[PDB]
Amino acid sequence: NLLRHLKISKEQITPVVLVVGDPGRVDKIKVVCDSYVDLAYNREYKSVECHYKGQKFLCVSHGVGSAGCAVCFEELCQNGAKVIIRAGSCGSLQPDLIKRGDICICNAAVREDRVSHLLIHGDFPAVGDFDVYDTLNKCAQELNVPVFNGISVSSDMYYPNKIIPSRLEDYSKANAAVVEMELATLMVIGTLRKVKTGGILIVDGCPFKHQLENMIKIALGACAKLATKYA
């Protein structure tokens, strides 16, 4: 009784799941835990059980882009996952303030996908669980890692054309901090299925004009903290 795309079973699903885009990132994360168990690898979806600080939680890759990741997240959320934290990279939308390697823990997101709109009307917020956000922030503080907080623009467009103007500049003026491609989708799906979500991101560019290791530490720390509550 395996999940259709993750090819893992319901019993293999822990309460806390760390998600990342790249299956290769799962491999670099697992070796930084105390131990791990490889579970499956199907398409872009790679699943490993991570063991860290006496706690147990999966790390799963979701692929690039909202529709791809919705299949991952739906399979998790409908099969016992209670907390999903996305860790990844992003573009800065405030290049004067937030620079290469800076880390942003996000509370909400702009819904520039389609799938969330196929699930619920556009007016509904893409918003993470406060507790997951508080936990992520507290782990950062404990490790003395400075971080930013803010809204991420989640967009299905990576390569713009020159016909329809990009809204990234509008959202920068609206004080959105960063840009990526899956957080909003995660948050809407999460909310609809009673799954607590959050997101922590490392800036690796700007669309306009050691830190990684720390980001990962923060994310694994938050997962261990959250996991403790369900064990």
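All residue numbers refer to positions in the sequence shown, first residue = 1.
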Chain break class at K209/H210 - deposited residues not modelled: 10 or more
With reference to the PDB entry, specify whether the mean Cα temperature factor is higher for 12-20 or for 210-218. 210-218
Which wins on mean Cα temperature factor, 194-202 or 28-36? 28-36
Name the one of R86, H121, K99, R114 with the greatest CA B-factor according to the PDB entry. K99
Among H62, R43, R167, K162 - the residue whose C-alpha B-factor is largest in the record: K162
Compare the C-alpha B factor of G91 with those of the other modelled residues in its chain, then answer lowest, middle or highest third. middle
Modelled-residue ranking by C-alpha temperature factor, third containing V71: lowest
Entry-reported C-alpha B-factor of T185 relative to its chain, by third, is lowest
Third assignment of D129 from its chain's C-alpha B-factors: middle
Against its chain's modelled residues, does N149's Cα B factor rank lowest, middle or highest third? highest
